[PDB]
Protein chains: 6
Amino acid sequence: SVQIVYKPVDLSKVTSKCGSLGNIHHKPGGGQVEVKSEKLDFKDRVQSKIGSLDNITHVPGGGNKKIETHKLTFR
Amino acid sequence: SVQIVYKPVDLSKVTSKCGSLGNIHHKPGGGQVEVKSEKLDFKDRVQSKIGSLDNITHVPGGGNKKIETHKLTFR
Amino acid sequence: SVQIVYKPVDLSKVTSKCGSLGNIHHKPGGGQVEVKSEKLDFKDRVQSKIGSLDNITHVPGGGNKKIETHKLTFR
Amino acid sequence: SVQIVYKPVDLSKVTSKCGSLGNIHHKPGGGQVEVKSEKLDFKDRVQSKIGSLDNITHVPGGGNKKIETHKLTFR
Amino acid sequence: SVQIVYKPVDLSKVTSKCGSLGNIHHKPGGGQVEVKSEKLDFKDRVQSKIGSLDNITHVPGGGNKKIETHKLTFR
Amino acid sequence: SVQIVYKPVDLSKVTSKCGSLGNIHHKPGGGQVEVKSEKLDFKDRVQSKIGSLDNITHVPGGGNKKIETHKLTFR
């Protein structure tokens with residue numbers, strides 16, 4: 001016969017302390033953007049993005065990550 | 001025969017402390033954007049984005065993440 | 001017969017302290033951008049980005065990451 | 001005695017020809033402009049301009065200038 | 001006695017010809033502009049200009065200049 | 001007695017010819033501009049200019065200049 005005991009344990013801690021957070025600035029695309037196009041031929045699919053796109057400012061007062069996995073397998 | 005005891009345990013903790021949060025600025029796309037197009041031929045599908053799109057400001061007072069998985073498998 | 005005991009333990013800690021966080025600046029694409037195009041032939045898919053795209057400012061008041069995995073297998 | 005005869009003459013001509021005039025662009029101040037001030041003391045007059053001021057576009061189909069003077073003087 | 005005779009002449013011509021004029025571009029201040037000031041003391045007059053100012057685009061289809069002066073002076 | 005005769009003559013011609021004029025670009029101040037100041041004392045007048053000022057684009061389709069003077073003087 002076979003007997004299996006599986007009891008792993010976690011009690012872990014993650015933390016931050018800050019006296020103050022501030023005076024934070026992000027200014028993507030401050031300059032002029034220009035595009036000019038003539039006589040182009042396209043014979044297959046086209047995708048275009050122009051200007052100030054997808055820019056992120058991300059200022060979490062704290063932000064932390066855990067990942068865990070368990071896979072007990074018989075045959 | 002086969003007998004299995006599977007009782008994993010987690011008590012883990014996540015935190016932040018901030019005395020004050022403020023004076024945070026995001027100003028994407030401050031400059032002029034311009035596009036001019038002449039005599040283009042397209043013979044298949046087109047997508048276009050122009051200007052200030054999809055920009056994000058994300059300022060959570062705290063924001064944290066856990067992922068966990070268990071996959072106990074017999075045959 | 002076979003008997004298996006699997007009971008690892010974690011009590012770990014991760015931390016940060018800051019007296020104050022501030023006066024932080026990010027300014028990508030401060031200069032002028034220009035593109036000019038004539039008489040191009042495309043016989044293939046086309047993908048284009050112009051300007052200030054995807055810039056990230058990421059200012060976590062504290063930020064930490066941990067990953068764990070367990071794989072106990074019989075045959 | 002004294003006698004004076006003063007009979008100057010001008011018959012001069014000024015001209016332009018243009019077959020067509022067009023596609024003229026002026027774009028002053030295409031980028032973002034920013035000013036920040038703290039704890040300034042002024043004990044006399046202040047004058048200030050900020051932004052896009054006094055810019056000129058001047059496209060006369062023709063534009064020409066003549067100046068003339070006559071100063072006939074006795075004693 | 002004294003006699004003075006003053007009878008100068010001008011018959012002159014000034015000209016331009018152009019078959020076409022165009023595709024002219026001026027873009028002063030395409031980039032971002034920034035100013036920051038702290039704790040400044042002024043005890044006399046102040047003048048300030050910031051940004052894109054006084055810029056000129058001048059495209060006369062023809063433009064020409066004549067100046068003339070006559071100064072007959074007795075004693 | 002005294003007699004004075006002043007009778008000069010001018011017949012001049014001045015010209016330009018162009019088959020076509022175009023594709024002219026002027027782009028001053030394409031890059032980012034920045035100024036930072038702390039704890040300055042002024043006991044005297046101040047004048048300041050920052051950014052893209054006084055830039056000229058000057059494209060006369062034809063452009064010509066002439067100056068003349070006549071000065072007849074007695075004693």
# chains A, B, ... in the order shown; residues from 1 in each chain; ligands from 1
>>> select_by_dssp(residues="chain A", states="strand (DSSP E)", output="MDAnalysis selection string")
chainID A and resid 2:6 9:10 13:14 17:18 21:26 33:38 41:42 46:53 56:58 65:70
>>> residues_around(residues="residue E:64", least_positions_apart="3", cutoff="9 Å", atoms="only C-alpha atoms", output="list in words")
residues 14, 15, 16, 63, 64, 65 and 66 of chain D; 14, 15 and 16 of chain E; 60, 62, 63, 64, 65 and 66 of chain F
>>> calpha_fit_and_write(fixed="chain E", moving="chain B", output="PDB file with C-alpha atoms, in the first residue's frame")
ATOM      1  CA  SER B   1      23.607 136.924 -57.361  1.00  0.00           C
ATOM      2  CA  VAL B   2      23.018 133.096 -57.377  1.00  0.00           C
ATOM      3  CA  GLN B   3      20.804 130.885 -59.651  1.00  0.00           C
ATOM      4  CA  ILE B   4      20.239 127.103 -59.198  1.00  0.00           C
ATOM      5  CA  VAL B   5      18.651 124.455 -61.483  1.00  0.00           C
ATOM      6  CA  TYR B   6      17.979 121.234 -59.590  1.00  0.00           C
ATOM      7  CA  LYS B   7      16.079 118.614 -61.683  1.00  0.00           C
ATOM      8  CA  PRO B   8      17.475 115.135 -60.886  1.00  0.00           C
ATOM      9  CA  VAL B   9      15.677 112.208 -62.617  1.00  0.00           C
ATOM     10  CA  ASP B  10      14.991 108.553 -61.696  1.00  0.00           C
ATOM     11  CA  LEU B  11      13.122 105.958 -63.860  1.00  0.00           C
ATOM     12  CA  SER B  12      14.537 102.808 -62.164  1.00  0.00           C
ATOM     13  CA  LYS B  13      12.507  99.508 -62.053  1.00  0.00           C
ATOM     14  CA  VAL B  14      12.345  96.319 -59.900  1.00  0.00           C
ATOM     15  CA  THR B  15      10.609  92.955 -60.699  1.00  0.00           C
ATOM     16  CA  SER B  16      10.235  89.217 -60.039  1.00  0.00           C
ATOM     17  CA  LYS B  17       8.686  86.250 -61.934  1.00  0.00           C
ATOM     18  CA  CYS B  18       7.907  82.863 -60.334  1.00  0.00           C
ATOM     19  CA  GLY B  19       6.266  79.885 -62.146  1.00  0.00           C
ATOM     20  CA  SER B  20       4.857  78.595 -58.832  1.00  0.00           C
ATOM     21  CA  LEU B  21       5.567  79.192 -55.108  1.00  0.00           C
ATOM     22  CA  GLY B  22       4.498  76.592 -52.470  1.00  0.00           C
ATOM     23  CA  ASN B  23       5.203  73.805 -49.933  1.00  0.00           C
ATOM     24  CA  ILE B  24       6.813  76.270 -47.442  1.00  0.00           C
ATOM     25  CA  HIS B  25       6.987  75.352 -43.710  1.00  0.00           C
ATOM     26  CA  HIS B  26       7.979  77.131 -40.503  1.00  0.00           C
ATOM     27  CA  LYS B  27       7.498  75.203 -37.185  1.00  0.00           C
ATOM     28  CA  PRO B  28       9.242  77.138 -34.369  1.00  0.00           C
ATOM     29  CA  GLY B  29       9.204  75.738 -30.804  1.00  0.00           C
ATOM     30  CA  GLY B  30       8.356  72.063 -31.479  1.00  0.00           C
ATOM     31  CA  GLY B  31       9.938  70.867 -28.159  1.00  0.00           C
ATOM     32  CA  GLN B  32       8.738  71.166 -24.516  1.00  0.00           C
ATOM     33  CA  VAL B  33       9.741  74.277 -22.447  1.00  0.00           C
ATOM     34  CA  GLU B  34      10.031  74.230 -18.626  1.00  0.00           C
ATOM     35  CA  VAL B  35      11.006  76.748 -15.909  1.00  0.00           C
ATOM     36  CA  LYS B  36      11.147  76.263 -12.093  1.00  0.00           C
ATOM     37  CA  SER B  37      12.093  79.019  -9.610  1.00  0.00           C
ATOM     38  CA  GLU B  38      12.559  79.089  -5.776  1.00  0.00           C
ATOM     39  CA  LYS B  39      13.550  81.699  -3.126  1.00  0.00           C
ATOM     40  CA  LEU B  40      14.469  84.453  -5.635  1.00  0.00           C
ATOM     41  CA  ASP B  41      14.676  88.043  -4.290  1.00  0.00           C
ATOM     42  CA  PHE B  42      14.330  90.991  -6.707  1.00  0.00           C
ATOM     43  CA  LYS B  43      14.832  94.569  -5.355  1.00  0.00           C
ATOM     44  CA  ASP B  44      14.322  96.377  -8.720  1.00  0.00           C
ATOM     45  CA  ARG B  45      12.157  96.029 -11.927  1.00  0.00           C
ATOM     46  CA  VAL B  46      11.738  92.676 -13.768  1.00  0.00           C
ATOM     47  CA  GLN B  47      10.723  91.547 -17.292  1.00  0.00           C
ATOM     48  CA  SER B  48      10.153  87.905 -18.364  1.00  0.00           C
ATOM     49  CA  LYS B  49       9.081  86.062 -21.583  1.00  0.00           C
ATOM     50  CA  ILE B  50       8.649  82.225 -21.670  1.00  0.00           C
ATOM     51  CA  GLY B  51       7.495  79.926 -24.549  1.00  0.00           C
ATOM     52  CA  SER B  52       6.999  80.624 -28.301  1.00  0.00           C
ATOM     53  CA  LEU B  53       6.906  84.420 -28.901  1.00  0.00           C
ATOM     54  CA  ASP B  54       7.497  86.915 -31.765  1.00  0.00           C
ATOM     55  CA  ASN B  55       8.254  84.244 -34.472  1.00  0.00           C
ATOM     56  CA  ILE B  56       7.576  85.458 -38.064  1.00  0.00           C
ATOM     57  CA  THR B  57       6.704  83.794 -41.382  1.00  0.00           C
ATOM     58  CA  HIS B  58       7.041  86.307 -44.250  1.00  0.00           C
ATOM     59  CA  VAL B  59       6.380  84.945 -47.792  1.00  0.00           C
ATOM     60  CA  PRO B  60       5.588  87.921 -50.137  1.00  0.00           C
ATOM     61  CA  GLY B  61       5.119  86.880 -53.834  1.00  0.00           C
ATOM     62  CA  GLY B  62       7.400  89.883 -54.434  1.00  0.00           C
ATOM     63  CA  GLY B  63       8.650  92.569 -51.959  1.00  0.00           C
ATOM     64  CA  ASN B  64      11.108  95.398 -52.784  1.00  0.00           C
ATOM     65  CA  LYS B  65      12.384  98.699 -51.253  1.00  0.00           C
ATOM     66  CA  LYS B  66      13.596 102.169 -52.365  1.00  0.00           C
ATOM     67  CA  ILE B  67      14.869 105.083 -50.214  1.00  0.00           C
ATOM     68  CA  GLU B  68      15.583 108.591 -51.614  1.00  0.00           C
ATOM     69  CA  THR B  69      16.533 112.030 -50.101  1.00  0.00           C
ATOM     70  CA  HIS B  70      17.163 115.637 -51.303  1.00  0.00           C
ATOM     71  CA  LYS B  71      18.519 118.340 -48.927  1.00  0.00           C
ATOM     72  CA  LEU B  72      18.954 121.620 -50.906  1.00  0.00           C
ATOM     73  CA  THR B  73      20.254 124.199 -48.355  1.00  0.00           C
ATOM     74  CA  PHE B  74      21.032 127.967 -48.521  1.00  0.00           C
ATOM     75  CA  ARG B  75      22.197 130.664 -46.011  1.00  0.00           C
TER      76      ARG B  75
END
